[PDB]
Amino acid sequence: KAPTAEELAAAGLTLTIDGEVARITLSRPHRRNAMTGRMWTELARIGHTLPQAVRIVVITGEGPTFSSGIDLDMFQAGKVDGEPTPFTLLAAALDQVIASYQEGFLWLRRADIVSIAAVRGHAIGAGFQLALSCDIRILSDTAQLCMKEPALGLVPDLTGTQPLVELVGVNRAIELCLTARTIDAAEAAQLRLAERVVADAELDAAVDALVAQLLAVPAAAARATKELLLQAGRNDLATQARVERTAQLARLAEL
Amino acid sequence: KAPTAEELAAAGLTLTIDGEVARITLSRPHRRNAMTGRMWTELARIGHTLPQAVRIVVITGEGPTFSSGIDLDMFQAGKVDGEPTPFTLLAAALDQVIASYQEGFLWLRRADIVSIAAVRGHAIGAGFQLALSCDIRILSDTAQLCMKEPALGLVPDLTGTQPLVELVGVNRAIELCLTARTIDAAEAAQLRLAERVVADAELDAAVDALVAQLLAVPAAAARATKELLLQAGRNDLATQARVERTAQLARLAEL
Amino acid sequence: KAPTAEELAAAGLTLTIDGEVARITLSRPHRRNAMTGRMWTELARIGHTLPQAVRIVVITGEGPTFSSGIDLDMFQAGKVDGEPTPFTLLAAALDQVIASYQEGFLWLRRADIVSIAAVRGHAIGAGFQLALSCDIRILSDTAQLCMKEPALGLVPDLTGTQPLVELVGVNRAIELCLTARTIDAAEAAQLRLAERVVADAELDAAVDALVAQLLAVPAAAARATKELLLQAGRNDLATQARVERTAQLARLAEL
Ligand SMILES: CC(=O)CC(=O)SCCNC(=O)CCNC(=O)[C@H](O)C(C)(C)COP(=O)(O)OP(=O)(O)OC[C@H]1O[C@@H](n2cnc3c(N)ncnc32)[C@H](O)[C@@H]1OP(=O)(O)O
Ligand SMILES: CC(=O)CC(=O)SCCNC(=O)CCNC(=O)[C@H](O)C(C)(C)COP(=O)(O)OP(=O)(O)OC[C@H]1O[C@@H](n2cnc3c(N)ncnc32)[C@H](O)[C@@H]1OP(=O)(O)O
Ligand SMILES: CC(=O)CC(=O)SCCNC(=O)CCNC(=O)[C@H](O)C(C)(C)COP(=O)(O)OP(=O)(O)OC[C@H]1O[C@@H](n2cnc3c(N)ncnc32)[C@H](O)[C@@H]1OP(=O)(O)O
């Protein structure tokens, strides 16, 4: 059973679905879309229950900031959004809680989805990791990215490290993370962190244009291609060729 | 026995050899160098029979288009260039036929060759994959690249997925393939898809300049270095260092 | 026991330590910081004996050239800096000698260090490999990089091949190495070979600014993050997520 709109609103999220496209909006603009444990676990539940027809997922924020990262209340011992924090616990179980949070991000790599992050203003820490977890990022010219965790004495543990390294290379990833510095939209484009940067007023139109292009390609070939691309880096060439060819047999049969 | 010029012309290809350099030209300009099964299998035969002296291979097209991709006659049941199509068959064997086509591209990664694609106008689908299979691409400013297969309900299965991911990263590869969109020469340079972009009238000169630079480096060291570079991504650092050192023992002995 | 300043000066090196930062300066400006076997083995000894407090290492050259690569005396049979050359030997043991040289570069990848190369003028061959071995490169606008080894009939065997491929991709790495061509600072920035390029007179200030940013992030989180980033490329995503989470348990405990 998918989370209800009421349940999602209590977790700071909106979800709407129109045919093949789902839009998830981070919806705590008064806290600049700061993230909580409940928000991460509801994201996971959305992923697990999306209709089979959905093949594009767009993640956006309400207001001028994509996400200010982890809600600073998560660093206290009291419950947040009804749920215990890592600090509640510390005052195996912790490992299980973190794993449950990571499930909110992992599903954005599913082969049967194209995930798109549409980022304006800051994407800090967990928020930067959410954007990194998506297949594609479209940034407003107001976007500012930062991996703040190390500044706080923490590591990035919401699945961001792999896509960051893939995008910018290990050397630049070291520089960004170990300085915890802020990257503006122009630098983000230059470093491959954004696939497109547009004026702030055009971000919705640019997302819509991309969605239209994706929907114009048939769903089964889109999914099979994504699945191939995700394997390509780790396979040797001979193996990748065999996987490509195996995928085509199934496409040619359908056609 | 190498394919004869007559046999190659029947398959839409020219091959000339001058000392250490082989030039392969796609030669069906009236069909914008559309590719067939026979063309792919002759490419493989060229690779398998090149003289040992050849260490540079340049791939070009006749006319304004590098290649319009697969010949649309390949989507019919009739034979093409004397050979059955995948659709002839569908109306294991198919898997073997596709594997035989892939051999036309795989050999361009051989350590004892530097392969160069010199691209003007469109390189679509199989043609984009041919260019991707080469070590180096030099583009005219008129070049336009596109991975059309998914738009047609197919996957890229001519060995293009791995080099595309290596060049642009998995995230951008998803965006390019799942939108099937056209990339102009300036964007291609920006995304690392071209090592150099030059004015159309200068493409032959730029290729010649590169060939001259490659020939100025001794053949045995060029081959040994290429072989090291191809392993570097998949090895851990300790292993890569051991492989480097093993390669140098053999070079130092010769010197 | 760390090498003494006197011993290091005999090997063409200076080392100074100020709290958490070590500065290693190549110090044979009359030979444009050409490198010898003794210099490589002293670099290794510095790495092995650095105080535990050191977490940033900056590598610079004296004078206008970062390093002219291997000292051409290393291609003779006589001893250099008191030590036998590969050619002394040739006129398993050689394999052990090369491995001992590689130890001078390998340690720059240690998770408990951030290594920074500050490059002006030429970095040729072994010198290019030294810069590549560091986590971060800051280039003067006067910097010129080149992988000369293949021009000399050799391969790069001082651990440079892996970081070069990571930075520029295998295709561009082939082009650079097999032409042995010179890359200026603007192209180096464009190819990700430099994280920042600054005017020559500002290189020391830019290095100091970076050091300040690194020192502002706590040491334990910096080390744990570097260690995660170094694994990210080779792990699958599920594994990388498990490693991230394991690293965070230890950070959260400390906090
Ligand atoms: C392990 C991990 O995953 C760790 C992480 O994510 S670490 C990231 C933790 N996040 C941060 O440190 C970011 C904290 N916030 C900020 O830097 C800034 O608010 C900002 C740059 C996002 C925007 O700054 P600004 O534009 O000047 O707006 P600002 O006034 O600060 O914020 C608006 C409101 O959002 C709230 N807010 C912003 N970030 C918040 C957060 N992370 N948690 C709770 N509230 C937050 C502020 O309290 C403020 O509330 P009031 O209006 O009630 O005062
Ligand atoms: C699994 C895979 O590997 C799949 C793939 O490759 S999918 C790719 C299949 N290819 C395509 O869809 C490209 C089809 N062609 C084109 O888009 C266009 O011809 C082009 C963009 C290449 C050039 O367009 P243009 O400059 O306006 O020239 P245009 O008039 O179209 O083409 C010139 C001639 O080439 C022919 N031609 C172009 N592409 C051809 C193709 N792929 N197969 C057969 N003929 C082709 C046209 O029939 C035309 O013939 P006439 O002169 O006799 O009419
Ligand atoms: C396996 C490996 O790891 C292999 C490698 O590294 S291969 C790299 C070997 N290195 C080279 O071929 C570079 C050789 N040197 C050069 O190209 C040039 O000196 C340079 C481009 C670095 C600078 O050129 P420049 O600015 O015109 O200065 P230049 O006059 O040449 O050099 C200054 C001095 O440094 C010396 N020098 C430069 N490189 C040297 C080297 N590698 N070995 C010994 N001396 C060197 C020159 O002999 C010269 O000495 P004098 O002043 O006594 O004449």
Side-chain angles (χ1 to χ4, degrees), chain A residues 171 174-175 178-179, chain C residues 2-3 5 7-36 38-40 42-47 50-51 54-71 104-110 113-146 158-160 163 183-185 188-189 193-215:
Chain A
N171 299 90
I174 293 167
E175 186 264 326
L178 274 65
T179 63
Chain C
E7 294 164 341
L8 289 177
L13 298 169
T14 306
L15 169 65
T16 58
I17 295 165
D18 187 12
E20 297 178 80
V21 186
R23 303 173 173 271
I24 299 170
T25 307
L26 305 188
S27 297
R28 299 195 157 159
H30 292 295
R31 293 181 90 74
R32 299 307 180 79
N33 298 325
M35 305 191 88
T36 65
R38 185 60 172 185
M39 189 183 286
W40 299 324
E42 297 293 272
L43 282 170
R45 279 184 73 206
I46 291 171
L50 272 174
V54 171
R55 64 167 165 133
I56 299 169
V57 174
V58 180
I59 304 188
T60 57
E62 289 189 351
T65 300
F66 179 77
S67 177
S68 55
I70 198 178
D71 194 308
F105 299 73
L106 289 163
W107 70 275
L108 298 163
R109 289 74 163 199
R110 266 168 49 186
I113 286 305
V114 180
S115 49
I116 298 158
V119 176
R120 60 171 39 95
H122 279 78
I124 300 177
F128 183 22
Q129 297 188 72
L130 180 64
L132 290 161
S133 290
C134 289
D135 295 335
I136 293 165
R137 291 138 295 291
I138 303 173
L139 271 49
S140 174
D141 59 359
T142 73
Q144 302 227 274
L145 310 173
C146 79
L158 298 168
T159 83
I183 306 149
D184 73 15
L193 286 163
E195 285 73 27
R196 192 178 177 194
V197 175
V198 297
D200 195 55
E202 298 304 319
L203 182 59
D204 294 339
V207 168
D208 291 346
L210 173 60
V211 166
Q213 285 180 310
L214 294 163
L215 287 178

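Here is the naming used below: chain letters follow the sequence lines, and residue numbers restart at 1 for every chain. What you see below is based on every heavy atom in this structure, not just the backbone, and it leaves out hydrogens, waters and symmetry mates.
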Step-by-step side chain to side chain contact (heavy atoms under 4.5 Å, CB included) determination, C:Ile17 to C:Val54: CA-CA 8 Å; C:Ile17 295 165; C:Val54 171; 3.8 Å; yes
Derivation and outcome, side chain to side chain contact (heavy atoms under 4.5 Å, CB included), residues C:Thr14 and C:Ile24: CA-CA 6 Å; C:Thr14 306; C:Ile24 299 170; over 6 Å; no
Could you tell me if the side chain of C:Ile46 sits less than 4.5 Å from the side chain of C:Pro3, heavy atoms only? yes
Side-chain touch C:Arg137/C:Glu195, heavy atoms, less than 4.5 angstrom: yes
Can you measure from CD (C:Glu202) to CG (C:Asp141) and round to the nearest 0.5 angstrom? 10.0 Å
Nearest 0.5 angstrom please: C:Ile138 CD1 to C:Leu203 CG, how far? 6.5 Å
Spacing of C:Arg110 atom CZ and C:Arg55 atom CZ [to the nearest 0.5 Å]: 13.5 Å
Contact check, side chains of C:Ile70 and C:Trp40, non-hydrogen atoms, under 4.5 Å: yes
Between OG on residue C:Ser115 and CG on residue C:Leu130, distance to nearest 0.5 Å: 9.0 Å
Under a plain distance cut-off of 3.5 Å, with no hydrogens placed, do C:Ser140 and C:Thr142 share a side-chain donor-acceptor pair? yes
If you define the side chain from C-beta out and look only at heavy atoms, does anything of C:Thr16 sit under 4.5 Å from C:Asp18? no
Would you indicate whether the side-chain heavy atoms of C:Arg45 and C:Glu7 approach each other to under 4.5 Å? yes
For C:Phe66 and C:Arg120, run side chain to side chain contact (heavy atoms under 4.5 Å, CB included): C-alpha distance rounded to whole Å, both residues' side-chain angles, the deciding distance at 0.1 Å, then the answer. CA-CA 5 Å; C:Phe66 179 77; C:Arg120 60 171 39 95; 5.7 Å; no
Heavy-atom side-chain contact between C:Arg28 and C:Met39 under 4.5 Å: yes
Between C:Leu193 and C:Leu145, is any pair of side-chain heavy atoms under 4.5 Å apart? yes
Strictly by modelled atom types, are C:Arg109 and C:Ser133 linked by a side-chain donor-acceptor pair under 3.5 Å? yes
Looking only at atom types and distance, does a side-chain atom of C:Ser67 sit under 3.5 Å from a main-chain N or O of C:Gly69, one as donor and one as acceptor? yes
Is the shortest distance from a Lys or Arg side-chain nitrogen in C:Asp208 or C:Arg23 to a carboxylate oxygen in the other one below 4.0 Å? yes
Measure the spacing between CZ of C:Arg38 and CG of C:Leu8 and express it to the nearest 0.5 Å. 9.0 Å
Set out, in order, the CA-CA distance, both residues' side-chain angles and the distance that settles side chain to side chain contact (heavy atoms under 4.5 Å, CB included) for A:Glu175 and A:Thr179, then state yes or no. CA-CA 6 Å; A:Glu175 186 264 326; A:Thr179 63; 4.1 Å; yes
Side chain to side chain contact (heavy atoms under 4.5 Å, CB included) with C:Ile56: of C:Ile113, C:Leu215, C:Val207, only one passes, and it is C:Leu215
Spacing of OG belonging to C:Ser27 relative to CG belonging to C:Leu15, to within rounding of 0.5 Å: 10.0 Å
So do C:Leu132 and C:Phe105 actually touch side chain to side chain, heavy atoms under 4.5 Å? no
Sole candidate of C:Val57, C:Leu108, C:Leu214, C:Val114 that passes side chain to side chain contact (heavy atoms under 4.5 Å, CB included) when paired with C:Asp135: C:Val114
Using atom types as modelled and distance alone, determine if a side-chain donor or acceptor of C:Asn33 lies under 3.5 Å from a backbone N or O of C:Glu62. yes
Checking side chain to side chain contact (heavy atoms under 4.5 Å, CB included) against C:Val58, which of C:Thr25, C:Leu210, C:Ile116 comes through? C:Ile116
